[PDB]
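This document starts with two versions of one protein chain, written out as structure tokens and named structure 1 and structure 2.
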Structure 1
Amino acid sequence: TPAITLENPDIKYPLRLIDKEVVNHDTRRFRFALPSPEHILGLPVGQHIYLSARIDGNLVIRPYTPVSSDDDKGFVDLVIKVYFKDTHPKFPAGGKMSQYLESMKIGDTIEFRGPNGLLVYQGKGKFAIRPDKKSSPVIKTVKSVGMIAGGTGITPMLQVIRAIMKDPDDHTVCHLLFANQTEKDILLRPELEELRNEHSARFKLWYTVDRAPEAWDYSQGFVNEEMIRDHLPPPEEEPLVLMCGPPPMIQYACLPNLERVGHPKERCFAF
């Protein structure tokens, strides 16, 4: 068995940045080396890590959700949106940690800790979900999972999707509804469409964008009732519905429409 990196969630492990790849205009994949090429991160599927640093004199701690897995020896991949300064009128300073990360050079290090999170995917449709941080996991096994992601909210979904597709005996069907501001904002589109091409029986894919291009074959606007009805499994099939995105997407676009369609709160989970 491979050596684990994250052995205690309170210990800080400095990892070195070894690669960075542009995902799109504001998003990148950051690859960090584990302590040896034979190490694994130690990451139950669905959990996240925290990065921390002193930035401009203040402690800054932020969670990020690896898109890699414990099958990936020697590295961890994060997919992170950079919030640039002098860009958005409401946030002229931009984002602290994301800009710090964008400024890192290959070879620089930052401290990781984890893993954390209330959901663990245990394979073959089986989810272990704690009601909160002080309770025991409730083990819920389903035949299908609805996934509603907005922007970088794609990251926990991709962890779960990849874990499922890797196991040919995992027959769980994932239905992803992925919302972004524009077509160019769709993160990891090639990766997602390769998954669709290779696993269409287990992976259903739909997009919505705030603003649609001329020739568009998907949906437009915030997540609405029609998209949930048409692009997630019906409530009669008792799927789990996983959500991840901006808090108002969850509060105003997801929850009320899940209610309208008939997905009970018990079947729903927000990362």
Structure 2
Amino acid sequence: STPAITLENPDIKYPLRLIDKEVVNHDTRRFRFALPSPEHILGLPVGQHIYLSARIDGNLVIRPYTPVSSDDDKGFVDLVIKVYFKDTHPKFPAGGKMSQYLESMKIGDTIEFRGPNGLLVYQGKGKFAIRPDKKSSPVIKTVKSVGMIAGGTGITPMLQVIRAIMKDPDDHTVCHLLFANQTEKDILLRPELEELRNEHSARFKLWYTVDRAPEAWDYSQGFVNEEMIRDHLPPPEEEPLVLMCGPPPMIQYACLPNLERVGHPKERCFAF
């Protein structure tokens, strides 16, 4: 049989109860929410995400999240969240709306989930189904490798795909991740990524860049650039799929221009 799914209809909101909050580090949390029963699964295809919605200080706020759990997990969904506190970053004095609201929640409070959403679904063994828009059928494309460029919170769409590939021992797709962050301290999910590298180095290539580097730093410094794409993503000759998720200026200035300079078809580079 198959487990009951939570996300039965994408236009329904499902209020899920907060059951655990882990303080990962000063500004990182893992939130665990109960599904409708211990035997349910979320029902989130690999490649897709959920939305959280809430009334935050009187206004509707909707944001996308990719869980760090999977449909293998029965009874709960886990979200890893970077909390953007007010009065930290000079360009963002108010901090982040949904992430601070999540940080405010008490155990037992609910928040609305919806999904699945997104134009890309991973069908396994290198095959991706990518719709040009929601109203259109997917282009099925099968690749031997996947370049991945994540910035900041944009890691979780990548991690979800990486994990789905690595857990299939007969999936020979090679993932190459280039992961950008403000600082070393701000990197999400480093232990998790490094466990995957330890176990799956033949299929999983990992590299970091940071806007500013610590004194002891083994990786790159600066924004994603042409050299980093040449050195840390599959070459365009191999026709990889290129996936991206990060802040709009990162995609616009750092990623697309440099993917083009290396020769990847810019129009085929997919942004989550």
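Throughout, rigid core stands for the largest set of C-alpha atoms superposing within 1.5 Å between the two forms. The first residue in the sequence of structure 1 is number 1, and each one after it adds one.
Colleague: Using the rigid core as the fixed frame, list which single one of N116, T182, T87, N197 shifts its Cα by at least 2 angstroms between the two structures.
Modeller: Residue with a C-alpha shift of 2 Å or more: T87.
Colleague: Comparing between the two structures on the rigid core: C-alpha of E7 shifted by 2 Å or more?
Modeller: No.
Colleague: Fitting the rigid core first, would the Cα of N24 be found 2 Å or more away between the two structures?
Modeller: Yes, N24 moves 2 Å or more.
Colleague: Core-aligned, what does the C-alpha of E266 shift between the two structures, expressed in angstrom?
Modeller: A shift of 4.4 Å at the C-alpha.
Colleague: Rigid core superposed, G153 Cα shift between the two structures in Å?
Modeller: For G153, the alpha-carbon shift amounts to 0.3 Å.
Colleague: After superposing on the rigid core, how many Å does the CA of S52 move between the two structures?
Modeller: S52 is displaced by 1.3 Å at its C-alpha.
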